[PDB]
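Coming up is one lone chain in structure tokens, specifically the form deposited in one PDB entry.
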């Protein structure tokens, strides 16, 4: 007797939404923002800071979560998490609405940060880092970061179990969940995780010399082939964190009544993965993907084809979407084209929207920050490997924003495809940010 989306959605959750080999990907564009039940709590005070949204929806229910800090976004002493478990439903008039069933404020003696959620058969699994020190400090402290695998059950109850980080993340100095949603695959919950490796440790040595250069489609890097390789090698040991190696990883835990059961860490060779960064494990149809935040020199949205075997994962040459850029700081700005060492960017993910009959991904939906360096102007659109469709803006005026996580689905009864685009938009009176669940219907020029 577990909760399940209204019958109108059956067959429309987590599948390849648009199969077409003929049409141009960019002929599909988002509608004007749709008005629906806002399920994401806004701040209630002049300085409350709600940030870091994580979302995932299975074929049965959805999971959402965000961090809350009482005094401001800068304060690092303590915070709590908002957690929601729910199911998609429709009005008599066929309007959709995310109907949450368990709504809670998680607040105890611990400071959970960079939290990620996943919709598993047992509820809303969550992966957080319990931190006492700042990011800069955690990297310096050679000991791994404390992590916990929690879960909001259908009964509205929350249980968690700290992970044995001293053994699991033994070769790590710092480790955090990718904030983007995790995914449930073959009896296991998969989470994106990044952090810093202990220099000269087994895990660090194997990644030594390993690098890879991903380029821009239309642009070409003028730098010499030797300079570039030297730059790529160094983009993995950037300045910001004392030249430590920021590694990308994937943790899989067995979904059972025992939290933290059988955790297994996978560290993909850097011959394929760029510098570790926030991420998300997506599952669309039978395909799996790894979104990786563009924290390094690469600007275009990345999606590493992910395939699982047993308890480990394997990544492949990523899909890139040239028009889906993210603001960054020089020399890693939106229009950057050459390899370099940096740690900037912002989390704005791409949701697999349009596929080929052969099942190879063609296009994606997402909300990008349409700006070179400043986190400004959120713009929702559909993207292929090279161009961008018609867009939908939050405001024609310059607007401050941050992270965005998108997820598309179809109401089979109305035969309409929608994309939920959760975005951190600036606010007034009540806090620095208001995380708003934007909604668009995916349209096509003709029919």
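Throughout, rigid core stands for the largest set of C-alpha atoms superposing within 1.5 Å between the two forms. Positions refer to the first chain, counted from 1.
(request) For the higher mean C-alpha B factor in the entry, choose 220 to 228 or 169 to 177. (result) Higher mean C-alpha B-factor in the PDB entry: 220 to 228.
(message) Mean Cα B factor from the PDB record: higher for 365 to 373, or higher for 130 to 138?
(response) Comparing 365 to 373 with 130 to 138, the higher mean C-alpha B-factor belongs to 130 to 138.
(request) Specify which of 357, 151, 95, 113 carries the largest Cα B factor in the deposited PDB entry. (result) Going by the entry's C-alpha B-factors, 357 comes out highest.
(request) Among 323, 353, 336, 84, single out the one with the highest C-alpha B factor in the record, please. (result) So the option with the highest C-alpha B-factor is 336.
(message) Sorting by Cα B-factor within the chain, modelled residues only, which third would residue 89 end up in: lowest, middle or highest?
(response) For residue 89, the deposited C-alpha B-factor lands in the lowest third.
(message) Looking at the temperature factor on the CA atom of residue 18, which third of the chain's modelled residues does it land in?
(response) Middle third, going by the recorded CA B-factors of the chain.
(request) Report the third (lowest, middle or highest) to which the CA temperature factor of residue 125 belongs, ranking only the modelled residues of the same chain. (result) Its C-alpha B-factor, which the entry lists for residue 125, ranks in the lowest third among residues of this chain.
(message) Per the entry's values, where does residue 245 land by CA temperature factor relative to the rest of its chain, in the lowest, middle or highest third?
(response) Answer is highest: the recorded C-alpha B-factor places it there.
(request) Classify residue 440 as lowest, middle or highest third according to the C-alpha B-factor given in the PDB entry, relative to its own chain. (result) It falls in the bottom third of the chain.
Although not depicted, the form deposited in another entry is the subject of the following passage.
(message) So, superposing on the core, is the move of residue 22 at the CA at least 2 angstroms between this form and the one not shown?
(response) It does not reach a 2 Å shift.
(request) Using a rigid core alignment, state whether the CA of residue 395 is displaced by 2 Å or more between this form and the one not shown. (result) Yes.
(request) Tell me, please, whether between this form and the one not shown the C-alpha of residue 45 is shifted by 2 Å or more, with the rigid core used for superposition. (result) Yes, the C-alpha position differs by at least 2 Å between this form and the one not shown.
(message) Given that the shift is 3 Å or more, do the Cα atoms of residue 430 and residue 112 end up closer or farther apart in the other form than in this form?
(response) Note: Cα gap between residue 430 and residue 112 widens in the other form.
(request) Taking the shown form as the reference, report whether the CA atoms of residue 377 and residue 427 lie closer or farther apart in the other form; the distance changes by 3 angstroms or more. (result) Nearer in the other form, by 3 Å or more.
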